[PDB]
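# Close look at the chain arrangement
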Amino acid sequence: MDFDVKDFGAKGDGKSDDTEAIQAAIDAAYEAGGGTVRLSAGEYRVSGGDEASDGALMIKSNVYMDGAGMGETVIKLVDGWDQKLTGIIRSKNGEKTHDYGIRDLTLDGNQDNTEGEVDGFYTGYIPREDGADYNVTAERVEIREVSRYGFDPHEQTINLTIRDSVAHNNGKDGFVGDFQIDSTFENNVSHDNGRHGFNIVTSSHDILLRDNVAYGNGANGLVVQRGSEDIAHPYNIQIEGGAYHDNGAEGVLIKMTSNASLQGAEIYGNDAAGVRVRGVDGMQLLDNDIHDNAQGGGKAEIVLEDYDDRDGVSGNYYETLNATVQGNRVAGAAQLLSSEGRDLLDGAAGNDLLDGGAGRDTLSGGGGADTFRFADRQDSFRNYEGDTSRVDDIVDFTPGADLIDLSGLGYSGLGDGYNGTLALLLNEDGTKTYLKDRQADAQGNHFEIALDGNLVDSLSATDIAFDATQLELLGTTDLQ
Ligand SMILES: O=C(O)[C@H]1O[C@@H](O[C@H]2[C@H](O)[C@H](O)[C@H](O[C@H]3[C@H](O)[C@H](O)[C@H](O[C@H]4[C@H](O)[C@H](O)[C@H](O[C@H]5[C@H](O)[C@H](O)[C@H](O)O[C@@H]5C(=O)O)O[C@@H]4C(=O)O)O[C@@H]3C(=O)O)O[C@@H]2C(=O)O)[C@@H](O)[C@@H](O)[C@@H]1O
Ligand SMILES: [Ca+2]
Ligand SMILES: [Ca+2]
Ligand SMILES: [Ca+2]
Ligand SMILES: [Ca+2]
Ligand SMILES: [Ca+2]
Ligand SMILES: [Ca+2]
């Protein structure tokens, strides 16, 4: 049943400290085995406790707080508070709080008239220990003017849902998902925050980020990252729809993550690249609308690169691996670099740079003048048995516009395929054109590239850069 706050002494007048009265309703709801704590319209002032871990209000299992709506019910920290406050509404440290939530209310951190790191909504059990909160809901909720973190569900929370909510004008990050498991952020807006719109961090996995919007933030619109410590990377991160635009850094940044997906998003107006991918094992970048990024300088709308943490906390080198980039509309250059394993990399209207590294890769440039780089003779080859797998294929090579970059391979030019030349051949059925080194190396391998289509007559020497000098003259991108 319902427990109205005013029936416990809450005023909601903007002056009286209602922390005890509102906490009384929570305790009554928790003691009743569960219930809804209801707040009619008004601004309810609230103060913290002795320590930061006390937060301000402590929500408990099976207790739900329902206000009169965003802007109508406002829970605001008192003027003059000067202590770190981890969660204006929070669950208890060391307790597995479950089946609780908050709806239709505004949390105001009052950073203008307070000092100290303030977080709005804090969940979780115990940092670096096993155990979790679970079944946590936030619906139609505004968190604003907190000095550090607006929505800050923390380690660990399972089945957190935040939908139709807003975080804005917060000191650091509007949304932080810190070791969230099996959780959903849907149809949220995070804007004009000090650093990040959304920040998924600290081993979070199986996260859906659907139709979220982030703009005007001082840093990334959305960042998915390991964080500063040598712990398990996040994985299984599905970013669907929404829009990440006009942010002070990349629109979407993903680093040291496994099996990430970014699909159907509108990404524009950011100061850095629209999408940046740094050492990600399994990356899908499909059907996005990416334009007018790198407003603060920069040469690329999309950046795929490694993450070298050898001098960092983990001491490891993290390659970007198992990448699929298809169907994107990109009004600018895409830098699509991957490594060992099969990669499918499609460029777009821009002058793109493509390199699948080791393994059998399928590359396509799309519109514009694109450079297909082959950095190592073992990145595309046919073996002693003639096994045509491990040979790359370029779908749409356009003679006179695109470029094959062999500048590091040490071949002199086109020829009969021996003595450092490459032979230009056509397969029997007329469907594929091969660049082949007929000279086997010590392991029986032949460097070889397949070009879909018949290009033995249209492809000329100026379409291939065989050394650094030729790459300087013929390079179609400024990304090298
Ligand atoms: O990696 C990056 O790139 C980012 O790193 C960011 O630094 C993060 C850290 O990595 C963590 O995420 C950190 O999480 C904090 C969290 O913000 C809270 O401060 C929390 O505080 C709890 C204490 O750790 C402690 O467990 C405490 O237990 C109490 C208990 O409640 C009770 O009172 C009992 O009687 O006594 C114990 C006690 O030991 O005192 O409860 C606290 C609580 O609030 O629940 O601790 C975690 C933590 O990991 O320590 O937050 C920082 C951060 O600043 O965000 C950051 O640098 C960012 O810029 C980077 O991007
Ligand atoms: Ca808890
Ligand atoms: Ca202040
Ligand atoms: Ca590859
Ligand atoms: Ca292109
Ligand atoms: Ca092209
Ligand atoms: Ca390859």
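Residues numbered from 1 in each chain as written, not as in the entry; some residues may be left out. Chains lettered and ligands numbered in written order. Heavy atoms only, no water.

- In the PDB archive, X-ray crystallography is given as the structure determination method for this entry, at a resolution of 2.25 Å.

## A closer look at the coordination of the calcium ion (ligand 5)
- Protein-derived ligands of the calcium ion (ligand 5) are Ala348 (O), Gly350 (O), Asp352 (OD), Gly365 (O), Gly367 (O), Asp370 (OD) and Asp370 (OD), with the metal-ligand distances lying across 2.3 to 2.6 Å.
- We note that the donor set of the calcium ion (ligand 5) lies within a single chain, spaced as A-x1-G-x1-D-x12-G-x1-G-x2-D.
- In this structure, the calcium ion (ligand 5) lies 4.6 Å from the calcium ion (ligand 6), and both are coordinated by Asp370.
- Taking the relative accessible area as the measure of exposure, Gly365 reaches 0% and is therefore buried. (Donors = N, O, S within 2.8 Å, 3.2 Å for Na, K, Ca; no water. Buried < 20%, exposed > 50% of the residue type's maximum accessible area, 1.4 Å probe, protein only.)

## Structural notes on the environment of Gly218
- Following the sequence through the fold, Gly218 ends up in the loop between β20 (213-215) and β21 (222-224).
- Take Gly218: its relative accessible area is 46%, and that puts it in the partly exposed class.
- Note: C-alpha distance between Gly218 and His196 (22 residues apart in sequence) is 6.6 Å.
- Apart from residues no more than four positions distant in its own chain, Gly218 is found in contact with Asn193, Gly194, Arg195, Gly248 and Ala249. (Helix = DSSP H or I, 4+ residues; strand = E, 2+ residues; numbered from the N terminus. Contact = heavy atoms within 4.5 Å.)

## Concerning the site of ligand 1
- Near ligand 1 you find 17 residues, and of these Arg90, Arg128, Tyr149, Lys172 and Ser228 are the closest.
- In this structure, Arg90 approaches ligand 1 through a side-chain N or O atom, which is 2.7 Å from an oxygen atom.
- For ligand 1, an oxygen atom lies 3.0 Å from a polar atom in the side chain of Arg195.
- If ligand 1 stood free it would expose 1,000 Å²; the protein chains cover 56% of that surface.
- Across the shell around ligand 1, the residue classes tally to 3 nonpolar, 7 polar and 7 charged. (Near = heavy atom within 4 Å. Polar contact = N/O pair within 3.5 Å; in protein donor to acceptor, adjacent residues only side chain to side chain. Areas by Shrake-Rupley, 256 points an atom, 1.4 Å probe, with all protein chains shown as cover. Nonpolar A, V, L, I, M, F, W, Y, C, P; charged D, E, K, R; others polar.)

## A short note on the nonpolar core
- Core analysis: the biggest nonpolar cluster contains 92 residues, and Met65, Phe374, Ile404 and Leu406 have the highest contact counts within it.
- Broken down by element, this core gets its largest block of residues, 5 residues, from helix α1 (residues 19-31).
- When near neighbours in sequence (up to four residues on either side) are disregarded, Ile404 contacts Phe372, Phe374, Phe397, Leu435, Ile449, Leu451, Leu459, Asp463, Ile464 and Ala465.
- With 7 residues, the next largest nonpolar core counts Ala333, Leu337, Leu353 and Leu479 among its residues. (Core = buried A, V, L, I, M, F, W, Y, C linked by side-chain atoms within 4.5 Å.)

## Observations regarding the layout of surface pockets
- The computed volume of the largest pocket comes to approximately 310 Å³.
- Lining the largest pocket are 15 residues; nearest its centre among them are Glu155, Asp178, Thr202, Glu229 and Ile231.
- Each residue belonging to the lining of the largest pocket can be placed in one class, and the counts come to 5 nonpolar, 5 polar and 5 charged.
- Approximately 210 Å³ is the volume found for the second largest pocket.
- If you go around the second largest pocket, you meet 14 residues; those closest to its centre are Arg148, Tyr149, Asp152, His154 and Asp178.
- Counting residues per element, the ones that place at least two in the lining of the second largest pocket are β12 (149-153), β15 (173-178) and β18 (196-201). (1 Å grid on protein atoms, 1.4 Å probe; cavity = no way out; pocket = protein on both sides within 12 Å on 5 of 7 lines; lining within 4 Å. Points joined across faces, edges and corners; volume = space filled by probe spheres on them.)

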